[PDB]
Amino acid sequence: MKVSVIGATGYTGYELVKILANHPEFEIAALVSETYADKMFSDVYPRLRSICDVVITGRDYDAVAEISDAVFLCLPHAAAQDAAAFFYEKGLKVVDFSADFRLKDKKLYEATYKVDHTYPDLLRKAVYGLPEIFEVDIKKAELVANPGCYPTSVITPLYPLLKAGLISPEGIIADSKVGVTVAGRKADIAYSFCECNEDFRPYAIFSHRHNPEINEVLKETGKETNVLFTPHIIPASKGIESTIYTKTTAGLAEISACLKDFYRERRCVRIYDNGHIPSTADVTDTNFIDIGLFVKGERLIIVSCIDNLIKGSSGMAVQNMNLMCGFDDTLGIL
Amino acid sequence: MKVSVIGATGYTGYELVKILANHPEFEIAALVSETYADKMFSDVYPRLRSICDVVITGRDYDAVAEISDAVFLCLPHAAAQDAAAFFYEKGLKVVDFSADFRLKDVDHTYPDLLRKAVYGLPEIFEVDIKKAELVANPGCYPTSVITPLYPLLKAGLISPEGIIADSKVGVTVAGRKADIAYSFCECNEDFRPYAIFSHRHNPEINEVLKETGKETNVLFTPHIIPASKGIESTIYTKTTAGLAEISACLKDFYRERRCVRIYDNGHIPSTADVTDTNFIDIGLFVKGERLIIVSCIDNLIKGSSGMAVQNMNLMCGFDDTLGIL
Ligand code: NA
Ligand code: NA
Ligand code: NA
């Protein structure tokens, strides 16, 4: 099966190509980048020399659609909508890395971006690609909205606890931290080495687009949540750690059993209830999500770690494409 | 004036010696590091070659008392108690870096001395520090949390309940220790929480905040940054007041304290803004009934050695920012 990557020279595209080169079913057709067209992919990433030397092509979406059965969209806001619309109408399967199709409520989209959605009819066909929760919907999908990296680390541990009513839906605080790769492959001074090295900073206080995504997805548990989310930048390349504060009516063993029962068949989910504390190094360069549970009285603290570029992006995207194409979601990953 | 440093070769003593070398009134008499005795301080830290070449001496506390008017104790627990008792009985001013004398409330060896100890947060308890002989230096984490919270609780502009402090520190928090958990290869590119529900600084924060008359139950969770220095504390509180009144309460309380830099305009402090300085940067953000405070310090300076020089300045009748600003 032929797949193409639009915006292939970014960091999410690099991590995607690494997985795709070893995937037993997906064959790389085209890698699209206007900046690096006509260059080999290994010219941009010499680490992949002799592993993936595919010549990068420009944004000729017509030629891409003729040689591809499915497409990964590693494109920024708005540009992702245009590409998703084009390749969807050509009959291809589409995984969109952007946030543009994650909020199915148009009024919530407009509340977040202050503008209308450009393809509202296409929006109603998008499925939220959190593979360990919405697998049934994803298998029936043609357009998948790849979840955000932060929401992946927060929704995954919270969803089964709220569904079973073991924690309060009110007052949840998610204090999350990410490596600099969250910005993507950018030349801006804000993401230069000398500005980011040795620096740790919060950002997007009261205003990050992932906050509405988190609360809108947790609605599906039947509980209305008002999760407060605050992101931070780590002076490291990759990794997310989310320290999540909740109120609980259950103890450590009951909370642990709820999470381990819900994800019993999911080999990418590693849950700890023995005092082990996950860190970003435990999940960097893997597709795992590590969840640590800690209970004192009526307070539950969850530590949730992922590689933002893999389980938070490209690895989760391969899981979604696997599900849409009838394969096991972990095929080519584990 | 003559001052000495006990346990001077740690990172806190390193930052302390940097300040003392350029201090107009404090004159270094002895730098005590027992594992490094008979080496020059610049042998351990070559950056200070030609700046502080003082020969490190051993554990001769009688000799230190002979030549010193005051002493900084950068010692671990228990050892800090004995040294603090010795130099107090000899009539010296003492700033203890450890936690042995912070909490006025496994029994304390010197309980009568504990009652004389003053909690050395210079911008809050300056009145009591000017009259003290023994000052307990606050911890680095509590300094970043207590400073923005104390005026708001005292004015009743935030709720004392449900406060959450999610704090992050560079690896220098561990000190100059031989330990695999603090090696470069184990800490590089890694970010981790630790001491969940169990860090010793959590009780310190709540005990000091009681002085406002409000009973707090701050929940504090620390994290290790893959960087050398800096603390960032994201503090979550509930409030019914506006940003203007929260901002005005903090700026009025710290009006003449030049090391406190308070922002209310959307500026977000970061650890790079305060690293290698004695400043504490505080950013204020209000949406509805939620106040988010961003508090940053250098954990080795404003969180430790710089704050200690403020406390020693105050005890010695000097301006608290002397030798710092
Ligand atoms: Na680093
Ligand atoms: Na782990
Ligand atoms: Na900054």
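By convention in this document, chain letters (A, B, ...) are assigned in the order of the sequence lines, proteins followed by strands, and residues within each chain are numbered from 1. Just so it is clear, the values below take in all heavy atoms, side chains as well, and ignore hydrogens, waters and symmetry mates.
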Item to check | Trace of the side-chain contact (heavy atoms from CB on, under 4.5 Å) decision for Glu245(B) with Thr239(B) | outcome: CA-CA 11 Å; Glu245(B) 188 179 1; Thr239(B) 182; over 6 Å; no

Checklist entry - Passes side-chain contact (heavy atoms from CB on, under 4.5 Å), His108(B) versus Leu113(B)? Steps please. => result CA-CA 10 Å; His108(B) 199 276; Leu113(B) 180 59; 5.8 Å; no

Next on the checklist: Go through it in stages, so that I can follow the logic: the residues are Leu153(B) and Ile158(B), the test is side-chain contact (heavy atoms from CB on, under 4.5 Å), and I'd like the CA-CA distance, side-chain angles, deciding distance and then a yes or no.
Outcome noted: CA-CA 6 Å; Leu153(B) 293 162; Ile158(B) 63 174; 3.7 Å; yes

Item to check | Derivation of the side-chain contact (heavy atoms from CB on, under 4.5 Å) call for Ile224(B) and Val173(B) | outcome: CA-CA 9 Å; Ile224(B) 296 296; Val173(B) 72; 3.7 Å; yes

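Looking only at atom types and distance, the side chain of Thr216(B) has a donor-acceptor partner in the side chain of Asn206(B) under 3.5 Å away. With no hydrogens or angles considered, a side-chain donor-acceptor pair links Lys168(B) and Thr234(B) at under 3.5 Å. When only modelled atom types and interatomic distance are considered, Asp281(B) and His267(B) share no side-chain donor-acceptor pair under 3.5 Å. Looking at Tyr141(B) and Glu204(B), their side chains never bring a donor and an acceptor atom within 3.5 Å of each other.
Of all the heavy atoms in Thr280(A) and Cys305(A), the pair that sits closest is N-SG, 4.0 Å. Contact record, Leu92(B) with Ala70(B): CD2-N, 4.0 Å, taken as the closest heavy-atom pair. Pairing each heavy atom of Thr12(B) with each of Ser304(B), the nearest pair is CG2-OG, 3.4 Å. Taking every heavy atom of both residues into account, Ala241(B) and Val286(B) meet most closely at O-CG1, 4.4 Å. Between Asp199(A) and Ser270(B), the shortest heavy-atom contact is OD1-OG, 2.9 Å. Of all heavy-atom pairs between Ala8(B) and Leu31(B), the closest is CB-CB, 4.0 Å.
Surrounding OH of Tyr45(B) are more than 12 heavy atoms belonging to other residues, nucleotides or ligands, all under 6.0 Å away. In this structure, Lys214(B) places its NZ atom where more than 12 heavy-atom neighbours from other residues, nucleotides or ligands lie under 6.0 Å away. Heavy atoms from other residues, nucleotides or ligands lying under 6.0 Å from CZ of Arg176(B) number more than 12. When the shell of 6.0 Å around NZ of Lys130(B) is examined, it contains 12 or fewer heavy atoms from other residues, nucleotides or ligands. In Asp38(B), the CG atom is not crowded: 12 or fewer heavy atoms of neighbouring residues, nucleotides or ligands sit closer than 6.0 Å.
One distance of note links CD of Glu207(B) with CZ of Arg102(B); it measures 13.5 Å at 0.5 Å rounding. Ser33(B) contributes atom OG, which lies 11.5 Å from atom CZ of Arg59(B) (distance to the nearest 0.5 angstrom). Once rounded to the nearest 0.5 Å, the distance linking SG of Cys259(B) with CD1 of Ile324(B) reads 6.0 Å.
Using a distance-only test at 3.5 Å, with no hydrogens or angles considered, a donor-acceptor pair links the side chain of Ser159(B) to the main chain of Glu161(B). Looking at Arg200(B), its side chain does come within 3.5 Å of a backbone N or O of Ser198(B) through a donor-acceptor pair. In this structure a side-chain-to-backbone donor-acceptor pair under 3.5 Å is missing from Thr143(B) to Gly303(B). Although no hydrogens or angles enter the test, the distance criterion places a donor-acceptor pair under 3.5 Å between the side chain of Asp43(B) and the main chain of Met40(B). No side-chain donor-acceptor contact under 3.5 Å links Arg201(A) to the backbone of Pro269(B). A donor-acceptor pair under 3.5 Å links the side-chain atoms of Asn311(B) to the main chain of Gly120(B), judged by distance alone. Put simply, the side chain of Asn299(B) gets close to the backbone of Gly230(B): a donor and an acceptor are under 3.5 Å apart. A donor-acceptor pair is defined here as one N or O able to donate and one able to accept, closer than 3.5 Å; such a pair exists between the side chain of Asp53(B) and the backbone of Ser50(B). Side-chain N or O atoms of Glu15(B) include none that pairs as donor or acceptor with a backbone N or O of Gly306(B) at under 3.5 Å. Side-chain atoms of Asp128(B) never come within 3.5 Å of backbone atoms of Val118(B) as a donor-acceptor pair (strictly under, hydrogens ignored).
The six-membered or imidazole ring of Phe220(B) lies away from that of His201(B), with a centre-to-centre distance of 6.0 Å or more. Between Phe197(B) and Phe294(A), the gap from one ring centroid to the other reaches at least 6.0 Å.
Inter-residue side-chain proximity for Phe72(B) and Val95(B) is flagged as met; some heavy-atom pair is nearer than 4.5 Å. Between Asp320(B) and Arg257(B), the closest side-chain pair of non-hydrogen atoms falls below 4.5 Å. The shortest side-chain heavy-atom distance between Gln81(B) and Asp96(B) does not fall under the 4.5 Å cut-off. The shortest distance between side-chain heavy atoms of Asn313(B) and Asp319(B) does not fall below 4.5 Å. Two residues are said to be in side-chain contact when any heavy atoms from C-beta on lie closer than 4.5 Å; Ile280(B) and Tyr254(B) fail this criterion. Using a 4.5 Å heavy-atom cutoff, the side chains of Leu291(B) and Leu157(B) are not in contact. Counting only heavy atoms from C-beta outward, the side chains of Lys251(B) and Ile262(B) approach each other to under 4.5 Å. The closest side-chain heavy-atom distance from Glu25(B) to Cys316(B) is not below 4.5 Å.
A cation-pi contact, defined as under 6.0 Å to the ring centre and within 45° of the axis, links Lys18(B) to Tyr14(B).
Put simply, the residue from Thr321(B), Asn137(B), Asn278(B) that forms a side-chain hydrogen bond (donor to acceptor under 3.5 Å, both in side chains) with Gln310(B) is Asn278(B).
Classified by interplanar angle (parallel below 30°, tilted 30° to 60°, perpendicular above 60°), the ring pair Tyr119(B)/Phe125(B) is perpendicular.
Residues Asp273(B) and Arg261(B) are not paired through a salt bridge, judged by the lack of any N-O separation under 4.0 Å between the basic side chain and the carboxylate. For the pair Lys238(B) and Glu289(B), the salt-bridge criterion is not met [side-chain N within less than 4.0 Å of a carboxylate O].
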